[PDB]
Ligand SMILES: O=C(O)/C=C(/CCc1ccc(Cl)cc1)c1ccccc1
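One chain follows as structure tokens, the form deposited without the named molecule.
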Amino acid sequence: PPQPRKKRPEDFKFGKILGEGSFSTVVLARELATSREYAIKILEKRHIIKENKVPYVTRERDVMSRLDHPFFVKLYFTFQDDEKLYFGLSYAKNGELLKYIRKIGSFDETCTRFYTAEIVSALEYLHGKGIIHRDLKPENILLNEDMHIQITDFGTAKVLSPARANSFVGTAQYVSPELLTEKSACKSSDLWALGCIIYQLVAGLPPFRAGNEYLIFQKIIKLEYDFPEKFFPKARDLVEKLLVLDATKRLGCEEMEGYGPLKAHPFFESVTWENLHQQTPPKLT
């Protein structure tokens, strides 16, 4: 079926740089014909080819095109000129979830519960499509103008077919033990990251911290971390059921019978899971 004409650089008025990565730069752009604002990720083809990143850029596009859920950054269009590729993405006006963690120090119980629930809901959708994020972190969980989450950064995701993996290792503080021991990744690897994120929301800092990566990995494989006295009891119990060395024993994984038991955890008692994105997010402190 016919689709709109392929867009081009001239159709936009580019503005400020929203972010810079190793193989891309995201720029805020206003489409002239509609006045719509998009976050356009620009990637130089030559650099991508030189560093053998074609599989990653291709995967990012393919995975995003398959996602159709309110808690994920949307890919509206793509186009390219002689030197660059352009991905038209939804513009998450409020930035990274990490920004708010730093801004207010830590989230109260109500805000922790709400945002954790949205992340859990997003992961259920993602995992339901046999996709592993592999680099889930506050930096990758953006916030739209209404303060609902919008997860992004899928170039390093893993699309399951069988849960084999290997090759990529996400941000050190959120790396699961299986990636360091067996060099493998599965859906449960994301649940481990979830556990670190919940801990970070409540404590204000991720569970495993150290002077360098080697030391962080060392703490991870030994499950070396502890909870501060204040930590919300039910949240602590949940984290303990997520930060489990054995990937088959993490609440939410297939061997633990899926998302049902996870969403039924006491910490989420007052959560209505059916329409989170229609709910008004609690105000951050």
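Throughout, we count residues from 1 along the sequence that is shown.
The same protein has a further form, the form deposited with the named molecule bound, not shown here; the description that follows concerns it.
**Q** Give me the residue from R36, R61, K222, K234 that has a heavy atom within 4.5 Å of the named molecule in the deposited bound form.
**A** By the 4.5 Å heavy-atom cutoff, the listed residue in contact is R61.
**Q** So the named molecule isn't shown here. In the deposited bound form, which residue out of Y199, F87, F114, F107 has a non-hydrogen atom within 4.5 Å of it?
**A** Exactly one listed residue reaches within 4.5 Å, namely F87.
**Q** Quick check: do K45, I49 and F79 each get a heavy atom within 4.5 Å of the named molecule in the deposited bound form?
**A** Contact check passed for all of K45, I49 and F79.
**Q** Within 4.5 angstroms, counting heavy atoms, which one of the listed stretches 252 to 260, 239 to 247, 223 to 231, 51 to 59 is next to the named molecule in the deposited bound form?
**A** Heavy atoms within 4.5 Å of the named molecule in the deposited bound form occur in 51 to 59.
**Q** In the deposited bound form, does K6 have a heavy atom within 4.5 Å of the named molecule?
**A** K6: contacts the named molecule in the deposited bound form.
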